[PDB]
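Text of entry-v5.tsv, listed as TSV, C-alpha atoms (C1' of nucleotides):
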```tsv
chain	number	residue	atom	x	y	z
A	1	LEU	CA	0.00	0.00	0.00
A	2	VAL	CA	2.87	2.39	0.75
A	3	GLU	CA	4.89	1.40	-2.33
A	4	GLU	CA	2.01	1.66	-4.81
A	5	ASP	CA	0.47	4.78	-3.21
A	6	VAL	CA	-2.87	3.11	-2.53
A	7	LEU	CA	-3.80	5.04	0.62
A	8	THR	CA	-2.03	8.29	-0.27
A	9	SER	CA	-3.72	11.68	0.07
A	10	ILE	CA	-2.79	15.25	-0.85
A	11	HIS	CA	-3.26	17.91	1.84
A	12	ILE	CA	-3.00	21.64	1.12
A	13	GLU	CA	-2.37	24.28	3.79
A	14	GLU	CA	-2.80	28.04	3.42
A	15	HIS	CA	-0.69	30.65	5.24
A	16	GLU	CA	-1.63	34.33	4.98
A	17	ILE	CA	0.21	37.42	6.21
A	18	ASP	CA	-0.68	41.10	5.88
A	19	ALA	CA	1.52	44.19	6.15
A	20	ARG	CA	-0.62	46.89	7.75
A	21	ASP	CA	0.08	50.46	8.91
A	22	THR	CA	1.18	50.91	12.52
A	23	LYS	CA	1.51	54.00	14.70
A	24	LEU	CA	5.32	53.78	14.91
A	25	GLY	CA	5.66	53.37	11.14
A	26	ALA	CA	4.78	51.14	8.21
A	27	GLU	CA	5.39	47.41	7.75
A	28	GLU	CA	7.33	46.41	4.63
A	29	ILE	CA	7.48	43.00	2.96
A	30	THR	CA	11.09	42.59	1.82
A	31	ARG	CA	14.06	40.24	1.98
A	32	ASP	CA	16.12	42.24	4.48
A	33	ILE	CA	15.57	40.30	7.74
A	34	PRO	CA	18.12	42.14	9.93
A	35	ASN	CA	19.65	39.28	11.96
A	36	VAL	CA	19.78	35.99	10.03
A	37	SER	CA	22.29	33.99	8.00
A	38	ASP	CA	22.59	34.21	4.21
A	39	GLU	CA	21.38	30.73	3.19
A	40	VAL	CA	17.94	31.26	4.77
A	41	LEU	CA	17.16	33.88	2.10
A	42	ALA	CA	18.04	31.57	-0.81
A	43	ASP	CA	14.50	30.53	-1.78
A	44	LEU	CA	13.07	34.08	-1.66
A	45	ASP	CA	12.67	36.07	-4.87
A	46	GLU	CA	13.42	39.76	-5.38
A	47	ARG	CA	10.17	40.84	-3.68
A	48	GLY	CA	10.79	38.78	-0.54
A	49	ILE	CA	8.44	35.84	-1.14
A	50	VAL	CA	9.30	32.18	-1.70
A	51	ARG	CA	9.53	30.71	-5.18
A	52	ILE	CA	6.88	28.38	-6.56
A	53	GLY	CA	8.06	24.78	-6.39
A	54	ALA	CA	10.55	25.40	-3.58
A	55	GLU	CA	10.37	22.76	-0.86
A	56	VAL	CA	9.86	24.23	2.62
A	57	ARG	CA	10.72	22.61	5.95
A	58	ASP	CA	9.80	23.51	9.52
A	59	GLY	CA	10.83	27.05	10.43
A	60	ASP	CA	11.60	28.14	6.86
A	61	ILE	CA	10.68	31.70	5.91
A	62	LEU	CA	7.71	31.93	3.53
A	63	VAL	CA	7.13	35.70	3.38
A	64	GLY	CA	9.75	38.16	4.59
A	65	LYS	CA	8.16	40.95	6.62
A	66	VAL	CA	9.63	43.50	9.02
A	67	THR	CA	8.08	46.04	11.38
A	68	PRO	CA	9.18	49.34	12.94
A	69	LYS	CA	10.74	48.82	16.36
A	70	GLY	CA	11.25	52.30	17.79
A	71	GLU	CA	13.93	53.35	20.25
A	72	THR	CA	15.02	50.58	22.63
A	73	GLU	CA	17.98	50.57	25.01
B	1	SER	CA	30.31	82.61	8.39
B	2	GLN	CA	33.72	81.24	9.37
B	3	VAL	CA	32.27	78.09	10.98
B	4	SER	CA	30.22	77.09	7.89
B	5	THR	CA	33.37	76.83	5.78
B	6	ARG	CA	34.98	74.47	8.30
B	7	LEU	CA	31.79	72.38	8.49
B	8	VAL	CA	31.66	72.05	4.69
B	9	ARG	CA	35.38	71.29	4.66
B	10	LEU	CA	34.91	68.38	7.07
B	11	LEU	CA	31.77	67.13	5.31
B	12	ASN	CA	33.84	66.89	2.13
B	13	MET	CA	37.04	65.70	3.84
B	14	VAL	CA	35.48	62.53	5.24
B	15	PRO	CA	34.24	61.30	1.80
B	16	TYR	CA	37.59	62.35	0.34
B	17	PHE	CA	39.42	60.14	2.84
B	18	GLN	CA	37.01	57.26	2.23
B	19	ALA	CA	37.35	57.57	-1.57
B	20	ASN	CA	41.17	57.81	-1.85
B	21	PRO	CA	42.69	54.52	-0.63
B	22	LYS	CA	45.40	55.24	1.94
B	23	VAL	CA	46.04	58.88	1.11
B	24	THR	CA	49.34	60.02	2.60
B	25	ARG	CA	49.56	62.87	5.10
B	26	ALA	CA	51.27	65.31	2.71
B	27	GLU	CA	48.55	65.07	0.06
B	28	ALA	CA	45.83	65.94	2.58
B	29	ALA	CA	47.96	68.67	4.18
B	30	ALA	CA	48.50	70.24	0.74
B	31	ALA	CA	45.07	69.72	-0.88
B	32	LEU	CA	42.42	70.38	1.80
B	33	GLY	CA	44.01	73.37	3.47
B	34	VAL	CA	47.69	74.23	3.10
B	35	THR	CA	48.15	74.45	6.88
B	36	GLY	CA	49.11	70.89	7.81
B	37	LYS	CA	49.33	71.88	11.47
B	38	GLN	CA	45.54	72.23	11.70
B	39	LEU	CA	45.01	68.94	9.84
B	40	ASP	CA	45.81	67.00	13.02
B	41	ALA	CA	43.51	69.25	15.07
B	42	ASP	CA	40.70	68.66	12.55
B	43	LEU	CA	41.26	64.89	12.57
B	44	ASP	CA	41.09	64.95	16.38
B	45	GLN	CA	37.70	66.69	16.24
B	46	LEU	CA	36.45	64.34	13.51
B	47	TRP	CA	37.41	61.42	15.77
B	48	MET	CA	34.91	62.73	18.36
B	49	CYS	CA	31.78	62.98	16.18
B	50	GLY	CA	29.61	60.04	15.22
B	51	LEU	CA	26.27	58.29	15.50
B	52	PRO	CA	23.92	58.92	18.45
B	53	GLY	CA	25.05	57.12	21.58
B	54	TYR	CA	28.63	58.15	20.84
B	55	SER	CA	30.09	54.76	21.77
B	56	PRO	CA	32.89	52.90	19.95
B	57	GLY	CA	31.48	51.47	16.76
B	58	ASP	CA	29.38	54.62	16.30
B	59	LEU	CA	32.07	57.30	15.95
B	60	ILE	CA	34.13	57.54	12.76
B	61	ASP	CA	37.40	55.54	12.76
B	62	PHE	CA	40.88	55.80	11.21
B	63	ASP	CA	44.35	54.18	10.93
B	64	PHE	CA	47.39	56.46	11.52
B	65	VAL	CA	49.83	53.54	10.87
B	66	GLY	CA	52.18	56.09	9.22
B	67	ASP	CA	51.37	58.89	6.73
B	68	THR	CA	48.37	57.01	5.22
B	69	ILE	CA	45.01	58.15	6.75
B	70	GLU	CA	42.41	55.38	6.06
B	71	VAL	CA	38.78	55.44	7.42
B	72	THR	CA	37.36	52.09	8.68
B	73	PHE	CA	34.03	53.44	10.03
B	74	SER	CA	32.25	56.39	8.42
B	75	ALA	CA	28.96	56.60	10.39
B	76	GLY	CA	26.99	57.03	7.17
B	77	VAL	CA	29.16	59.84	5.77
B	78	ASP	CA	30.21	58.34	2.43
B	79	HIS	CA	29.12	60.77	-0.28
B	80	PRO	CA	30.23	64.42	-0.63
B	81	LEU	CA	27.91	67.42	-0.50
B	82	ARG	CA	25.78	68.60	-3.42
B	83	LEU	CA	26.90	71.74	-5.23
B	84	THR	CA	24.54	74.41	-3.90
B	85	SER	CA	22.02	76.01	-6.25
B	86	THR	CA	23.62	78.97	-8.07
B	87	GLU	CA	26.42	80.21	-5.73
B	88	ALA	CA	29.46	77.96	-6.18
B	89	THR	CA	28.05	76.05	-9.15
B	90	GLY	CA	26.87	79.25	-10.84
B	91	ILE	CA	30.23	80.95	-10.44
B	92	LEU	CA	32.14	77.87	-11.61
B	93	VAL	CA	29.93	77.46	-14.69
B	94	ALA	CA	30.15	81.17	-15.51
B	95	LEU	CA	33.95	81.11	-15.28
B	96	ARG	CA	34.18	77.91	-17.32
B	97	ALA	CA	31.94	79.27	-20.09
B	98	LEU	CA	32.95	82.96	-20.28
B	99	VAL	CA	36.67	82.16	-20.76
B	100	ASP	CA	38.21	84.77	-23.07
B	101	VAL	CA	41.09	82.54	-24.21
B	102	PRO	CA	41.12	80.95	-27.69
B	103	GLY	CA	40.17	77.28	-27.49
B	104	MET	CA	42.79	74.80	-26.30
B	105	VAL	CA	40.61	72.32	-24.37
B	106	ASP	CA	37.53	73.12	-26.48
B	107	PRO	CA	37.39	69.92	-28.66
B	108	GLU	CA	36.48	67.32	-26.02
B	109	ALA	CA	37.35	68.81	-22.61
B	110	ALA	CA	35.70	72.22	-22.09
B	111	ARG	CA	32.40	71.39	-23.81
B	112	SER	CA	32.26	67.93	-22.22
B	113	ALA	CA	32.92	69.40	-18.77
B	114	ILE	CA	30.27	72.09	-19.27
B	115	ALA	CA	27.65	69.58	-20.41
B	116	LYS	CA	28.44	67.12	-17.61
B	117	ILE	CA	28.34	69.83	-14.93
B	118	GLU	CA	25.03	71.17	-16.26
B	119	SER	CA	23.55	67.66	-16.28
B	120	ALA	CA	24.85	66.96	-12.76
B	121	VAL	CA	23.36	70.18	-11.34
C	1	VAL	CA	31.30	71.42	23.94
C	2	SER	CA	31.88	72.97	20.51
C	3	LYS	CA	29.45	74.45	17.97
C	4	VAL	CA	31.14	72.58	15.12
C	5	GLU	CA	30.75	69.30	17.01
C	6	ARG	CA	27.03	70.06	17.54
C	7	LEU	CA	26.54	70.78	13.87
C	8	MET	CA	28.41	67.65	12.74
C	9	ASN	CA	26.55	65.41	15.21
C	10	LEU	CA	23.21	66.88	14.13
C	11	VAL	CA	24.06	66.33	10.46
C	12	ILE	CA	25.08	62.71	11.08
C	13	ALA	CA	22.02	61.96	13.23
C	14	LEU	CA	19.59	63.46	10.72
C	15	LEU	CA	21.37	61.56	7.94
C	16	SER	CA	21.18	58.17	9.65
C	17	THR	CA	17.60	58.38	10.94
C	18	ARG	CA	14.78	56.49	9.22
C	19	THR	CA	11.78	58.45	10.54
C	20	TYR	CA	11.26	62.13	11.30
C	21	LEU	CA	13.07	62.75	14.58
C	22	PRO	CA	11.25	65.32	16.76
C	23	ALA	CA	13.12	68.18	18.39
C	24	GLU	CA	12.45	66.80	21.87
C	25	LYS	CA	14.38	63.64	20.99
C	26	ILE	CA	17.03	65.81	19.33
C	27	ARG	CA	17.65	67.62	22.62
C	28	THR	CA	18.22	64.44	24.63
C	29	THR	CA	19.96	62.36	21.96
C	30	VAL	CA	22.23	64.74	20.03
C	31	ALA	CA	25.24	65.77	22.09
C	32	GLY	CA	25.77	69.46	22.82
C	33	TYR	CA	22.07	70.34	23.11
C	34	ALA	CA	21.76	69.03	26.69
C	35	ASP	CA	23.75	71.87	28.31
C	36	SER	CA	21.14	74.59	27.76
C	37	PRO	CA	19.78	76.45	30.82
C	38	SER	CA	16.10	76.43	29.83
C	39	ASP	CA	13.84	75.24	27.02
C	40	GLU	CA	13.85	78.65	25.29
C	41	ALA	CA	17.62	78.94	24.87
C	42	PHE	CA	17.67	75.44	23.36
C	43	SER	CA	14.74	76.32	21.09
C	44	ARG	CA	16.40	79.48	19.76
C	45	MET	CA	19.76	77.72	19.34
C	46	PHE	CA	18.14	74.84	17.44
C	47	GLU	CA	16.25	77.29	15.23
C	48	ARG	CA	19.49	79.11	14.42
C	49	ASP	CA	21.26	75.77	13.71
C	50	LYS	CA	18.43	74.75	11.38
C	51	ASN	CA	18.64	78.11	9.61
C	52	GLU	CA	22.41	77.73	9.15
C	53	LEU	CA	22.10	74.17	7.84
C	54	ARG	CA	19.33	75.11	5.40
C	55	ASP	CA	21.26	78.15	4.15
C	56	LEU	CA	24.41	76.04	3.66
C	57	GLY	CA	22.68	73.77	1.17
C	58	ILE	CA	22.16	70.56	3.15
C	59	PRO	CA	18.56	69.40	2.53
C	60	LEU	CA	16.80	69.62	5.91
C	61	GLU	CA	13.15	68.63	5.52
C	62	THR	CA	10.47	69.08	8.17
C	63	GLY	CA	7.46	66.79	8.16
C	64	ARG	CA	5.13	64.57	10.20
C	65	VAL	CA	6.43	61.66	12.28
C	66	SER	CA	4.03	59.35	10.52
C	67	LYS	CA	0.48	58.92	9.28
C	68	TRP	CA	-0.95	58.18	12.64
C	69	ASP	CA	1.27	60.49	14.59
C	70	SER	CA	0.70	64.21	15.06
C	71	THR	CA	4.29	64.93	16.13
C	72	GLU	CA	6.44	66.88	13.65
C	73	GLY	CA	10.10	66.05	13.12
C	74	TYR	CA	13.06	66.64	10.83
C	75	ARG	CA	15.10	64.50	8.45
C	76	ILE	CA	17.69	64.82	5.69
C	77	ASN	CA	17.03	63.21	2.31
C	78	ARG	CA	20.05	60.99	1.64
C	79	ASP	CA	19.14	60.71	-2.06
C	80	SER	CA	18.89	64.49	-2.48
C	81	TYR	CA	22.01	64.97	-0.33
C	82	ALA	CA	24.32	64.85	-3.37
C	83	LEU	CA	24.94	63.24	-6.76
C	84	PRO	CA	27.58	60.46	-6.70
C	85	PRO	CA	28.46	59.94	-10.38
C	86	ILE	CA	31.19	62.03	-12.01
C	87	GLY	CA	32.35	62.39	-15.61
C	88	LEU	CA	35.77	62.05	-17.20
C	89	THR	CA	39.07	63.05	-15.56
C	90	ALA	CA	40.93	64.97	-18.29
C	91	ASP	CA	38.31	67.73	-18.53
C	92	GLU	CA	38.17	68.10	-14.74
C	93	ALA	CA	41.92	68.78	-14.64
C	94	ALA	CA	41.47	71.66	-17.09
C	95	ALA	CA	38.49	72.92	-15.09
C	96	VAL	CA	40.49	72.92	-11.84
C	97	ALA	CA	43.53	74.52	-13.48
C	98	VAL	CA	41.28	77.42	-14.56
C	99	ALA	CA	39.10	77.46	-11.42
C	100	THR	CA	40.54	80.74	-10.09
C	101	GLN	CA	43.43	82.85	-11.36
C	102	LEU	CA	42.90	86.54	-10.52
C	103	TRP	CA	39.48	87.04	-8.90
C	104	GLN	CA	39.54	89.03	-5.66
C	105	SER	CA	35.89	89.18	-4.56
C	106	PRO	CA	35.65	87.08	-1.37
C	107	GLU	CA	32.34	85.47	-2.35
C	108	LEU	CA	33.67	84.39	-5.75
C	109	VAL	CA	36.89	82.86	-4.41
C	110	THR	CA	35.11	81.14	-1.52
C	111	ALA	CA	32.54	79.69	-3.93
C	112	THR	CA	35.24	78.47	-6.31
C	113	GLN	CA	37.19	76.90	-3.44
C	114	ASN	CA	34.05	75.16	-2.15
C	115	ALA	CA	33.28	73.81	-5.63
C	116	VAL	CA	36.87	72.59	-6.05
C	117	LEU	CA	36.79	70.91	-2.63
C	118	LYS	CA	33.50	69.17	-3.42
C	119	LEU	CA	34.91	68.00	-6.76
C	120	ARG	CA	37.96	66.64	-4.94
C	121	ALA	CA	35.63	64.87	-2.51
C	122	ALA	CA	33.84	63.42	-5.56
C	123	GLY	CA	37.03	62.40	-7.38
C	124	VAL	CA	40.07	64.57	-8.16
D	1	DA	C1'	33.25	89.06	15.23
D	2	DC	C1'	30.98	85.39	16.67
D	3	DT	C1'	27.96	83.09	19.84
D	4	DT	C1'	24.28	82.90	23.10
D	5	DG	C1'	20.43	83.51	26.38
D	6	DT	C1'	16.45	86.44	27.55
D	7	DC	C1'	12.81	89.07	25.36
D	8	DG	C1'	8.94	89.62	22.07
D	9	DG	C1'	6.12	88.35	18.07
D	10	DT	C1'	2.92	85.65	13.80
D	11	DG	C1'	0.76	81.96	12.42
D	12	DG	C1'	-1.22	77.13	13.00
D	13	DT	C1'	-3.42	72.99	15.22
D	14	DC	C1'	-5.38	70.27	19.06
D	15	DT	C1'	-8.38	70.55	23.14
D	16	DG	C1'	-12.02	72.25	26.26
D	17	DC	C1'	-15.94	75.46	27.67
D	18	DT	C1'	-20.25	78.10	26.51
D	19	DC	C1'	-24.45	79.02	23.76
D	20	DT	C1'	-28.61	78.33	20.36
D	21	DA	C1'	-35.66	81.13	22.29
D	22	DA	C1'	-42.57	78.70	18.03
D	23	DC	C1'	-44.10	74.32	20.67
D	24	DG	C1'	-42.56	70.18	22.37
D	25	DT	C1'	-43.45	66.80	29.10
D	26	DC	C1'	-44.33	59.83	32.91
D	27	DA	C1'	-38.51	53.87	28.74
D	28	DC	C1'	-38.37	49.45	26.17
D	29	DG	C1'	-37.32	44.89	22.82
D	30	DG	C1'	-37.70	40.37	24.72
D	31	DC	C1'	-37.60	35.44	27.07
D	32	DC	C1'	-39.04	32.18	30.07
D	33	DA	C1'	-39.48	27.27	28.53
D	34	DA	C1'	-34.06	21.23	32.31
D	35	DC	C1'	-34.71	19.13	36.69
D	36	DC	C1'	-33.14	17.76	40.93
D	37	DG	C1'	-32.80	18.76	46.22
D	38	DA	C1'	-32.48	22.24	50.04
D	39	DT	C1'	-34.37	26.21	52.60
D	40	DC	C1'	-36.06	30.73	54.05
D	41	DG	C1'	-40.09	33.70	54.10
D	42	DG	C1'	-45.55	33.20	54.04
D	43	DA	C1'	-50.37	31.51	54.93
```
Write-out of the structure in C-alpha cells:
Amino acid sequence: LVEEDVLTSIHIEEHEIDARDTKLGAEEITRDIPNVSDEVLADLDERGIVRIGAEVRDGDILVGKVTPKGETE
Amino acid sequence: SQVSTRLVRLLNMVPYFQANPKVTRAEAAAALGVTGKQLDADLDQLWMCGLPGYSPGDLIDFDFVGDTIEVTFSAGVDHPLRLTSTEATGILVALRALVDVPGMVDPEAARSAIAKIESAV
Amino acid sequence: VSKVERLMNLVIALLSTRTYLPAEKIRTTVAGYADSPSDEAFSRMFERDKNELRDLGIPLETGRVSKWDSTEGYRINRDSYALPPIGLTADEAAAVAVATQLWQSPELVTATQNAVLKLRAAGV
DNA sequence: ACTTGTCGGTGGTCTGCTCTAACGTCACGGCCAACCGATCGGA
C-alpha cells in the first residue's frame, strides 16, 4: 500500500500574512531580515516571497516581513 | 560665516578620505588646506563625532599607521555634499563658459565638462 | 562642547535616521544640546542651527512623524544629499587649473574653493 | 566678530468650555421554557 500509493492523500495548507500600517511606522514585505544567516534567504525572490516549487521545511521563511521597532535601550 | 566653511570642509574631507585609498599625510595637508598643522587638530575633532550614543562602533574611525590616513568606520558619511544652487556652481559654470582665451581644451574637454556639470546640477 | 561638534553630530544623526526625529528627541539624543539652561535657549539655538544648515545647502526637511502620529520632526534626504556619479578626468583637470586665477571678490573665491573641494571629494 | 540667552512676536493645530428662544413633558425589545434537592419567608 505504501509502495504503490494506494492510501495516499494530498493535503493543502494556506498561510496568509498582511503588512498593515502601525503608529510607529509602516510594515514592509522585503528580503532584508536584519539578523539571520545568508542561506535562509536563498528561496526568496526579489520581492521577498518564496519561489513556486521550492520545498519548505519547519521554520523556513515563507514571506519576509519586518516592522518598525522604535527606540530601545 | 567662518564656521560654515569648516563644516563644509569636514563634510567633504570625510568622503575624500574614504574615496582615496590610503592617502598620505602630505597630500591631505596640501590639498584640503595648506596648513598641515591644523590637519591634526581637525582629525582629532572628527574622531569625536559620530552616531547617536557616541560609543565605539558609532564614531568615525581611522588608521594612523604612518602617513596614510584610512577610514574604517564612516557613520553614514560616504558621499560628498551637493553643489549648492547657483552660488558655487553658478560661479564655476560662468567662469568655465565665459573664458576669453582661444580654445585649447575646447574639442572634447571644455564642452564635455560644461555639459556634464550642467547635467549633474 | 563645541558648535562645530554640535553641527556635525546633528548632520550625522539626521542623515542616519529612518523616521522624522522630533526636536524633543534631538535635545536628549544629540550631544551638545543638553547643556542649555532652559527650554527657550535650546529652542532658539536649534532654530538658528536649522537656519544655518538650510542656508548652507544641506537638505533639511520638516514633516510629520508618521500617518498616525501628530508629532512633527526633521530628516535629511540621503538621495537628495548629493549626486555620486562624475564624468571624465581629463576635462576636470582643465576645469580645476582654470578654477581661479585673478578674482579678488571674497564670495567668488570662496565659492570656487568650495566647488573645487566638493569636486575633490567626488574624485580629483 | 561670533555666539548665546532672555525678550517679544505671527501663524497654526489640538483641546475644552459656553451658547442656540414657536411648541414640544411619565422607557423598552424580549424570554421564560431542564430538573433535581435544600431552605427561608408566608399563609
Residues of chain A no more than 8 Å from chain C, counting all atoms listed in the file: send them over as a compact mmCIF listing (two decimals) with C-alpha atoms, in the coordinates of the input.
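The resulting result.txt:
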```txt
# COMPACT_ATOMS: atom_id res chain seq x y z
CA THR A 22 1.18 50.91 12.52
CA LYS A 23 1.51 54.00 14.70
CA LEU A 24 5.32 53.78 14.91
CA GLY A 25 5.66 53.37 11.14
```
Quick one: contact table of chain B to chain C, 6 Å max, nearest atom pair and distance in Å to one decimal per residue, counting all atoms listed in the file, chain and number order, as a Markdown table?
```
| residue | atom | partner | partner_atom | distance |
| --- | --- | --- | --- | --- |
| B:12 | CA | C:121 | CA | 5.4 |
| B:15 | CA | C:121 | CA | 5.8 |
| B:16 | CA | C:121 | CA | 4.3 |
| B:49 | CA | C:9 | CA | 5.8 |
| B:80 | CA | C:121 | CA | 5.7 |
| B:81 | CA | C:82 | CA | 5.3 |
| B:82 | CA | C:82 | CA | 4.0 |
| B:84 | CA | C:57 | CA | 5.4 |
| B:88 | CA | C:111 | CA | 4.2 |
| B:109 | CA | C:91 | CA | 4.3 |
| B:113 | CA | C:91 | CA | 5.6 |
```
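The two atoms in question, CA of residue 46 (chain A) and CA of residue 16 (chain A), are spaced 19.1 Å apart.
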At a cut-off of 12 Å, which residues of chain D touch chain B? Count all atoms listed in the file and give the answer as a compact mmCIF listing (two decimals) with C-alpha atoms (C1' of nucleotides), in the frame of the given file.
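Done, and the output landed in iface-v8.txt:
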```
# COMPACT_ATOMS: atom_id res chain seq x y z
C1' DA D 1 33.25 89.06 15.23
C1' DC D 2 30.98 85.39 16.67
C1' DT D 3 27.96 83.09 19.84
```
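Here CA of residue 53 (chain A) is placed at a distance of 23.1 Å from CA of residue 36 (chain A).
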Edge lengths and centre in Å to one decimal, as JSON, of the axis-aligned box that encloses all listed atoms of region 63-79 of chain B with 4 Å added on every side?
```
{"center_x": 39.6, "center_y": 56.4, "center_z": 5.6, "size_x": 33.2, "size_y": 16.7, "size_z": 19.8}
```
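Distance-wise, CA of residue 28 (chain A) and CA of residue 68 (chain A) end up 9.0 Å apart.
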Q: With a distance threshold of 10 Å and counting only C-alpha atoms (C1' of nucleotides), extract the residues of chain D near chain C and express them as a PyMOL selection string.
A: chain D and resi 3-6+13-14
Practice item. Compute the distance from (11.1, 38.9, -2.4) to each atom, counting all atoms listed in the file, keep the residues with any atom at most 10 Å away, and return them as an MDAnalysis selection string; use the coordinates of the file. Key: chainID A and resid 29:32 41 43:51 62:65
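Among B:98, B:104, B:34, B:65, the residue with the shortest atom-to-atom distance to residue 22 (chain B), counting all atoms listed in the file, is B:65.
Among the candidate residues B:62, B:120, B:107, B:52, the one lying nearest to chain A is B:52, with distances computed using only C-alpha atoms.
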Generate N, CA, C and O atoms for region 18-34 of chain A and emit them as a short mmCIF file (atom, residue, chain, number, x, y, z; two decimals), in the coordinates of the input.
```cif
data_model
loop_
_atom_site.label_atom_id
_atom_site.label_comp_id
_atom_site.auth_asym_id
_atom_site.auth_seq_id
_atom_site.Cartn_x
_atom_site.Cartn_y
_atom_site.Cartn_z
N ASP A 18 -0.36 39.77 6.36
CA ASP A 18 -0.68 41.10 5.88
C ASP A 18 0.23 42.14 6.52
O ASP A 18 0.47 42.11 7.73
N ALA A 19 0.74 43.05 5.70
CA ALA A 19 1.52 44.19 6.15
C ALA A 19 0.59 45.39 6.25
O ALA A 19 0.13 45.90 5.22
N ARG A 20 0.30 45.80 7.47
CA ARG A 20 -0.62 46.89 7.75
C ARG A 20 0.16 48.18 8.01
O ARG A 20 1.36 48.27 7.75
N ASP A 21 -0.53 49.20 8.51
CA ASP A 21 0.08 50.46 8.91
C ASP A 21 -0.02 50.60 10.42
O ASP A 21 -1.12 50.53 10.98
N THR A 22 1.12 50.79 11.07
CA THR A 22 1.18 50.91 12.52
C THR A 22 1.38 52.38 12.91
O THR A 22 1.55 53.26 12.07
N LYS A 23 1.33 52.64 14.22
CA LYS A 23 1.51 54.00 14.70
C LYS A 23 2.98 54.42 14.67
O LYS A 23 3.29 55.59 14.41
N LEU A 24 3.89 53.48 14.93
CA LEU A 24 5.32 53.78 14.91
C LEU A 24 5.91 53.80 13.51
O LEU A 24 7.06 54.21 13.35
N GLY A 25 5.16 53.38 12.50
CA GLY A 25 5.66 53.37 11.14
C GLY A 25 4.82 52.44 10.28
O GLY A 25 3.69 52.11 10.61
N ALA A 26 5.42 52.03 9.16
CA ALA A 26 4.78 51.14 8.21
C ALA A 26 5.54 49.83 8.13
O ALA A 26 6.77 49.79 8.31
N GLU A 27 4.81 48.75 7.87
CA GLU A 27 5.39 47.41 7.75
C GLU A 27 5.66 47.11 6.28
O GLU A 27 4.79 47.30 5.43
N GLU A 28 6.87 46.64 6.00
CA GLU A 28 7.33 46.41 4.63
C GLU A 28 7.65 44.94 4.43
O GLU A 28 8.33 44.33 5.27
N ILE A 29 7.17 44.37 3.33
CA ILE A 29 7.48 43.00 2.96
C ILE A 29 8.71 43.04 2.05
O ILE A 29 8.64 43.51 0.91
N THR A 30 9.83 42.54 2.56
CA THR A 30 11.09 42.59 1.82
C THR A 30 12.03 41.53 2.36
O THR A 30 11.83 41.01 3.46
N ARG A 31 13.05 41.22 1.58
CA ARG A 31 14.06 40.24 1.98
C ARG A 31 15.28 40.97 2.57
O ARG A 31 16.38 40.96 2.02
N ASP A 32 15.05 41.59 3.72
CA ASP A 32 16.12 42.24 4.48
C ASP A 32 16.46 41.45 5.74
O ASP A 32 17.61 41.04 5.91
N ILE A 33 15.47 41.23 6.61
CA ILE A 33 15.57 40.30 7.74
C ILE A 33 16.84 40.57 8.53
O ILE A 33 17.83 39.84 8.39
N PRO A 34 16.86 41.62 9.37
CA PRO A 34 18.12 42.14 9.93
C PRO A 34 19.12 41.12 10.44
O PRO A 34 20.29 41.16 10.04
#
```
